[PDB]
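Q: Next up, query_20.txt (compact mmCIF, C-alpha atoms and all ligand atoms).
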# COMPACT_ATOMS: atom_id res chain seq x y z
CA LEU A 1 14.59 30.67 -7.50
CA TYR A 2 14.31 27.00 -6.48
CA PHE A 3 11.70 24.84 -4.79
CA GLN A 4 12.04 21.67 -2.74
CA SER A 5 12.24 18.48 -4.80
CA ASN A 6 11.08 16.39 -1.82
CA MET A 7 8.15 14.09 -2.61
CA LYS A 8 5.05 14.41 -0.44
CA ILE A 9 3.69 11.00 0.51
CA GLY A 10 0.44 10.63 2.38
CA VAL A 11 -0.33 7.87 4.85
CA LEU A 12 -4.01 7.03 5.16
CA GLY A 13 -4.69 6.41 8.84
CA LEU A 14 -4.77 7.68 12.42
CA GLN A 15 -1.85 9.65 13.89
CA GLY A 16 -0.55 7.18 16.50
CA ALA A 17 -1.11 3.98 14.52
CA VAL A 18 1.00 5.01 11.52
CA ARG A 19 4.22 6.17 13.14
CA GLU A 20 6.29 3.34 11.65
CA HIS A 21 4.94 4.15 8.15
CA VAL A 22 5.84 7.83 8.62
CA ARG A 23 9.29 6.82 9.76
CA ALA A 24 9.86 4.54 6.73
CA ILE A 25 8.80 7.24 4.30
CA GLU A 26 10.89 9.91 6.02
CA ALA A 27 13.85 7.55 6.25
CA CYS A 28 13.95 7.73 2.43
CA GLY A 29 13.94 11.52 2.34
CA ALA A 30 10.31 12.05 1.51
CA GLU A 31 7.87 14.16 3.52
CA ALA A 32 5.15 12.03 5.14
CA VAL A 33 1.67 13.57 5.50
CA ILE A 34 -0.92 11.87 7.73
CA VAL A 35 -4.16 11.89 5.73
CA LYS A 36 -7.59 12.09 7.35
CA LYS A 37 -9.49 14.56 5.18
CA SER A 38 -9.90 14.19 1.42
CA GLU A 39 -8.60 17.70 0.64
CA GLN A 40 -5.22 16.58 2.04
CA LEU A 41 -4.87 14.25 -0.97
CA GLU A 42 -4.58 17.06 -3.50
CA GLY A 43 -1.06 18.10 -2.62
CA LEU A 44 0.38 14.57 -2.56
CA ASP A 45 2.70 12.83 -5.00
CA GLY A 46 1.81 9.36 -3.69
CA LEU A 47 -0.10 7.58 -0.95
CA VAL A 48 0.66 4.73 1.44
CA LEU A 49 -2.39 2.72 2.52
CA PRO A 50 -1.62 0.76 5.71
CA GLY A 51 -5.22 -0.42 6.14
CA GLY A 52 -6.53 -1.71 9.46
CA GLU A 53 -9.59 -3.59 10.69
CA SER A 54 -12.33 -3.92 8.11
CA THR A 55 -14.84 -2.04 10.27
CA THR A 56 -12.43 0.82 10.95
CA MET A 57 -11.72 1.11 7.22
CA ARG A 58 -15.44 1.11 6.44
CA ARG A 59 -16.03 3.87 9.01
CA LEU A 60 -13.04 5.98 7.94
CA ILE A 61 -13.87 5.87 4.22
CA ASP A 62 -17.53 6.72 4.93
CA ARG A 63 -16.92 9.36 7.61
CA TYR A 64 -14.38 11.27 5.55
CA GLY A 65 -15.97 10.62 2.17
CA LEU A 66 -12.75 9.15 0.83
CA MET A 67 -14.02 6.82 -1.90
CA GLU A 68 -14.32 9.23 -4.85
CA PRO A 69 -11.31 11.34 -3.77
CA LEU A 70 -9.27 8.08 -3.64
CA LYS A 71 -10.49 7.08 -7.09
CA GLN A 72 -9.65 10.63 -8.20
CA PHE A 73 -6.14 10.29 -6.80
CA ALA A 74 -5.64 7.12 -8.84
CA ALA A 75 -6.99 8.79 -11.98
CA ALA A 76 -4.37 11.53 -11.62
CA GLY A 77 -1.71 8.81 -12.04
CA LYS A 78 -0.32 9.19 -8.51
CA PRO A 79 1.24 5.99 -7.18
CA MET A 80 -0.42 4.17 -4.32
CA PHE A 81 1.18 1.56 -2.04
CA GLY A 82 -1.15 -0.77 -0.14
CA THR A 83 0.55 -2.70 2.66
CA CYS A 84 -0.88 -5.51 4.72
CA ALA A 85 -4.65 -5.08 4.87
CA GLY A 86 -4.26 -1.82 2.96
CA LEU A 87 -3.75 -4.08 -0.06
CA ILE A 88 -7.46 -4.90 0.17
CA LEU A 89 -8.43 -1.30 -0.59
CA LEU A 90 -6.73 -1.63 -4.00
CA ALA A 91 -8.29 -4.97 -4.96
CA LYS A 92 -10.92 -5.77 -7.56
CA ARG A 93 -12.37 -8.80 -5.78
CA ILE A 94 -12.66 -10.03 -2.21
CA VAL A 95 -13.15 -13.56 -0.92
CA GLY A 96 -15.06 -13.39 2.35
CA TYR A 97 -16.95 -10.58 4.03
CA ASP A 98 -17.31 -7.54 1.77
CA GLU A 99 -15.35 -4.37 2.65
CA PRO A 100 -14.02 -1.18 0.99
CA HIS A 101 -12.06 -1.94 -2.17
CA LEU A 102 -11.49 0.47 -5.05
CA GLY A 103 -10.96 -1.96 -7.93
CA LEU A 104 -7.58 -0.57 -8.94
CA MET A 105 -5.41 -3.71 -9.06
CA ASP A 106 -6.44 -6.87 -10.93
CA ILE A 107 -6.23 -9.10 -7.85
CA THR A 108 -8.49 -11.15 -5.62
CA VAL A 109 -7.72 -10.86 -1.93
CA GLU A 110 -8.84 -12.55 1.26
CA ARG A 111 -8.45 -11.43 4.88
CA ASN A 112 -6.21 -13.52 7.08
CA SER A 113 -9.10 -14.10 9.50
CA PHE A 114 -10.96 -15.83 6.69
CA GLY A 115 -8.30 -18.31 5.52
CA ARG A 116 -7.00 -20.12 8.60
CA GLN A 117 -5.23 -19.73 11.95
CA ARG A 118 -1.97 -18.43 10.49
CA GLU A 119 0.39 -17.29 13.26
CA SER A 120 2.52 -14.22 12.54
CA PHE A 121 5.96 -15.04 11.12
CA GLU A 122 8.98 -13.53 9.41
CA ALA A 123 10.49 -14.80 6.15
CA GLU A 124 13.44 -13.73 3.98
CA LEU A 125 12.08 -12.70 0.61
CA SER A 126 13.54 -12.18 -2.84
CA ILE A 127 11.79 -9.13 -4.31
CA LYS A 128 12.14 -8.63 -8.05
CA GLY A 129 13.73 -5.31 -8.90
CA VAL A 130 14.23 -4.52 -5.22
CA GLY A 131 16.61 -7.06 -3.72
CA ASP A 132 17.16 -10.33 -1.89
CA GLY A 133 17.25 -10.96 1.86
CA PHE A 134 14.31 -8.65 2.50
CA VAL A 135 12.70 -9.65 5.77
CA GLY A 136 8.97 -9.84 5.22
CA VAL A 137 7.07 -9.47 8.47
CA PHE A 138 3.72 -11.21 8.15
CA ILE A 139 1.26 -10.23 10.85
CA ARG A 140 -2.41 -10.83 10.03
CA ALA A 141 -1.39 -10.93 6.39
CA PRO A 142 -4.12 -10.97 3.76
CA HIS A 143 -3.87 -13.59 1.03
CA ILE A 144 -3.60 -12.58 -2.64
CA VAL A 145 -5.73 -15.38 -4.08
CA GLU A 146 -5.42 -14.52 -7.76
CA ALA A 147 -3.73 -11.96 -10.03
CA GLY A 148 -4.52 -11.06 -13.66
CA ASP A 149 -2.10 -10.97 -16.58
CA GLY A 150 -1.40 -7.25 -16.14
CA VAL A 151 -0.07 -7.70 -12.58
CA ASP A 152 3.74 -7.85 -12.12
CA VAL A 153 4.58 -10.43 -9.39
CA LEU A 154 7.53 -9.13 -7.36
CA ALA A 155 7.68 -11.76 -4.62
CA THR A 156 6.10 -15.02 -3.53
CA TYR A 157 6.10 -17.01 -0.35
CA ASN A 158 5.22 -20.66 -0.58
CA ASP A 159 4.18 -19.81 -4.15
CA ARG A 160 1.59 -17.34 -2.94
CA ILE A 161 1.93 -13.78 -4.27
CA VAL A 162 3.07 -11.49 -1.43
CA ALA A 163 4.18 -8.41 -3.39
CA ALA A 164 2.84 -7.16 -6.70
CA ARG A 165 2.74 -4.10 -8.92
CA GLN A 166 0.42 -2.92 -11.65
CA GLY A 167 1.35 0.44 -13.15
CA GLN A 168 1.21 3.07 -10.40
CA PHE A 169 -0.13 0.55 -7.87
CA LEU A 170 2.13 -1.34 -5.49
CA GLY A 171 0.94 -3.92 -2.98
CA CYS A 172 2.44 -6.23 -0.39
CA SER A 173 0.85 -8.51 2.23
CA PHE A 174 3.68 -8.07 4.72
CA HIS A 175 4.78 -5.01 6.80
CA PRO A 176 7.76 -3.38 5.06
CA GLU A 177 7.64 -0.61 7.69
CA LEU A 178 8.71 -3.11 10.38
CA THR A 179 12.26 -3.41 9.08
CA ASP A 180 15.03 -0.82 8.67
CA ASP A 181 15.48 -2.24 5.15
CA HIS A 182 14.31 0.71 2.99
CA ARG A 183 14.66 -0.95 -0.40
CA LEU A 184 10.93 -1.50 -1.00
CA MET A 185 9.99 2.02 0.13
CA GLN A 186 12.79 3.36 -2.11
CA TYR A 187 11.34 1.36 -5.01
CA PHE A 188 7.95 2.98 -4.34
CA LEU A 189 9.44 6.46 -4.00
CA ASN A 190 11.16 5.92 -7.36
CA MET A 191 7.74 5.16 -8.86
CA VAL A 192 6.43 8.37 -7.31
CA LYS A 193 9.33 10.41 -8.72
CA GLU A 194 8.87 8.93 -12.20
CA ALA A 195 5.12 9.61 -12.09
CA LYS A 196 5.70 13.24 -11.04
CA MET A 197 8.27 13.65 -13.80
CA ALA A 198 5.75 12.38 -16.34
CA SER A 199 2.84 14.56 -15.15
CA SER A 200 5.07 17.65 -15.37
CA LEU A 201 5.78 17.04 -19.08
CA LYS A 202 2.34 15.99 -20.34
CL CL A 301 1.12 -15.42 3.50
I need this file expressed as C-alpha cells, please.
A:
Amino acid sequence: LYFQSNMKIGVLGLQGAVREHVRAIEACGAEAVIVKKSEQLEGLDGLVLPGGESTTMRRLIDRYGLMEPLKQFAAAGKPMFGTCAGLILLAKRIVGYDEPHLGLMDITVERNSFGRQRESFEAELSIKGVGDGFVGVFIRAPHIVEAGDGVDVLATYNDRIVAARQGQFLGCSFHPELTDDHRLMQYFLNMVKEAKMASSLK
C-alpha cells in the first residue's frame, strides 16, 4: 500500500521560540519536528536552524551533544537551512567572539552585535531562483563577510550577501519566517525533496 510523501523537517530550538518556523514549514505542507535530542535527527529529511544567542547555542549543542550528529546529518546529504544567527552554525569562519560553527558553508560570518548599531529594518529583496518583492526582515542580522567560489549568491542588500546556497546548504541573514511569503521555504523544501529522491536511488 502507500506511505505519506510528506517531508519531515526538523527545527533546532526550544518549543515556544520556534513557533513561526514551524508555521512556515507546515504552511508548505511539510511536517515540522522540534529537535532537542540528537536521535530526533535520524528520521528527518531536512533541518531548519533558527539559531539564537551565542551562549544559548553553545549550551544547547554541548548539553545535547549535537555537534557530531549535526555533522552526521550533513554527511547524509540532508539539506540544512540556517536563518538569521542560525547561519553562523553553518559557517567556516567567524569574525568576533568564537561560537559553535560546523564548517559546512564556505563563508565568513560576523554577529550583528560585533559590526555596529544596526537597527532592525525590512527591505524588499530579489532572490535568485525564488522571486522578487520578497520582504526580508532583518532583526539582529549577522553579516556574511565573505563567500568562496563554490557559494551561490541568491540575494544581496547594499551589496552584502544576505542569502546564499552551497549544495544542500541554504543560508539567509534575515527572518523568512516573519512573512507569509512562502517562496523561500518552498525553494528549501524543493531541495529537500530532490535530496530525498537522490538518496532513494543511490
Ligand atoms: Cl544586513
Q: Dump the neighbourhood of ligand CL 301 (chain A) as a PyMOL selection string: all residues within 12 Å, distances computed on only C-alpha atoms and all ligand atoms.
A: chain A and resi 84-85+109-113+115-123+125+136-145+155-163+172-175
Q: Would you mind reading off the distance between CA of residue 54 (chain A) and CA of residue 100 (chain A), one decimal, in Å?
A: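 A separation of 7.8 Å between them.
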Q: Grab the CA of residue 49 (chain A) to CA of residue 177 (chain A) distance for me, in Å with one decimal place.
A: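 Taking CA of residue 49 (chain A) and CA of residue 177 (chain A), their separation equals 11.8 Å.
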Q: Counting all atoms listed in the file, what is within 7 Å of residue 8 (chain A), bar same-chain residues fewer than 5 positions away, as a list in words?
A: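 The filter keeps residues 30, 31, 32, 33, 44, 45 and 46 of chain A.
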Q: May I ask for the distance between CA of residue 21 (chain A) and CA of residue 165 (chain A), given in Å to one decimal place?
A: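 CA of residue 165 (chain A) lies at a distance of 19.1 Å from CA of residue 21 (chain A).
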Q: Nearest to residue 14 (chain A) among A:92, A:29, A:56, A:41, with distances taken over all atoms listed in the file: which residue is it?
A: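 Closest candidate: A:56.
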Q: Could you tell me which of A:87, A:102, A:153, A:27 comes closest to residue 61 (chain A) if we count all atoms listed in the file?
A: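 For residue 61 (chain A), the nearest of the candidates is A:102.
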Q: Using all atoms listed in the file, which of A:28, A:88, A:74, A:34 sits nearest residue 16 (chain A)?
A: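 That would be A:34, the residue with the smallest distance to residue 16 (chain A).
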Q: Nearest to residue 83 (chain A) among A:9, A:1, A:48, A:127, with distances taken over all atoms listed in the file: which residue is it?
A: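 Answer, going by the shortest atom-to-atom distance: A:48.
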Q: Can you work out which one of A:96, A:13, A:129, A:82 has the shortest atom-to-atom distance to residue 176 (chain A), counting only C-alpha atoms?
A: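 Among the listed residues, the smallest separation from residue 176 (chain A) belongs to A:82.
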Q: Which residue out of A:104, A:178, A:76, A:191 has the minimum interatomic distance to residue 151 (chain A) when only C-alpha atoms are used?
A: A:104
Q: Return as JSON the box centre and box size in Å, one decimal, for an axis-aligned box around all listed atoms of region 68-85 of chain A padded by 8 Å per side.
A:
{"center_x": -6.5, "center_y": 3.0, "center_z": -3.6, "size_x": 31.6, "size_y": 33.0, "size_z": 32.9}
Q: Leaving out residue 190 (chain A) and any residue of its chain fewer than 5 positions from it, which residues lie within 10 Å of it when counting all atoms listed in the file, given as a PyMOL selection string?
A: chain A and resi 7+79+184-185+195-196
Q: Write the selection just made, keeping C-alpha atoms, as a short mmCIF file (atom, residue, chain, number, x, y, z; two decimals), keeping the file's coordinate frame?
A:
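Output (result33.cif):
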data_model
loop_
_atom_site.label_atom_id
_atom_site.label_comp_id
_atom_site.auth_asym_id
_atom_site.auth_seq_id
_atom_site.Cartn_x
_atom_site.Cartn_y
_atom_site.Cartn_z
CA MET A 7 8.15 14.09 -2.61
CA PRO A 79 1.24 5.99 -7.18
CA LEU A 184 10.93 -1.50 -1.00
CA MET A 185 9.99 2.02 0.13
CA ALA A 195 5.12 9.61 -12.09
CA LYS A 196 5.70 13.24 -11.04
#
Q: Tell me, as an NGL selection string, which residues lie within 10 Å of residue 57 (chain A), counting all atoms listed in the file; anything in the same chain fewer than 6 positions away does not count.
A: :A and (12-13 or 51 or 63 or 85-86 or 89 or 99-101)
Q: Store the residues picked out above, limited to C-alpha atoms, as an mmCIF file, in the coordinates of the input.
A:
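File produced: again-v1.cif:
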data_model
loop_
_atom_site.group_PDB
_atom_site.id
_atom_site.type_symbol
_atom_site.label_atom_id
_atom_site.label_comp_id
_atom_site.auth_asym_id
_atom_site.auth_seq_id
_atom_site.Cartn_x
_atom_site.Cartn_y
_atom_site.Cartn_z
ATOM 1 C CA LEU A 12 -4.010 7.030 5.160
ATOM 2 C CA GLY A 13 -4.690 6.410 8.840
ATOM 3 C CA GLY A 51 -5.220 -0.420 6.140
ATOM 4 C CA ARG A 63 -16.920 9.360 7.610
ATOM 5 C CA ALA A 85 -4.650 -5.080 4.870
ATOM 6 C CA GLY A 86 -4.260 -1.820 2.960
ATOM 7 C CA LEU A 89 -8.430 -1.300 -0.590
ATOM 8 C CA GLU A 99 -15.350 -4.370 2.650
ATOM 9 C CA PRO A 100 -14.020 -1.180 0.990
ATOM 10 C CA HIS A 101 -12.060 -1.940 -2.170
#
Q: Can you list, as an NGL selection string, every protein, DNA or RNA residue that comes within 8 Å of residue 42 (chain A) when you count only C-alpha atoms, leaving out same-chain residues fewer than 3 positions away?
A: :A and (38-39 or 73)
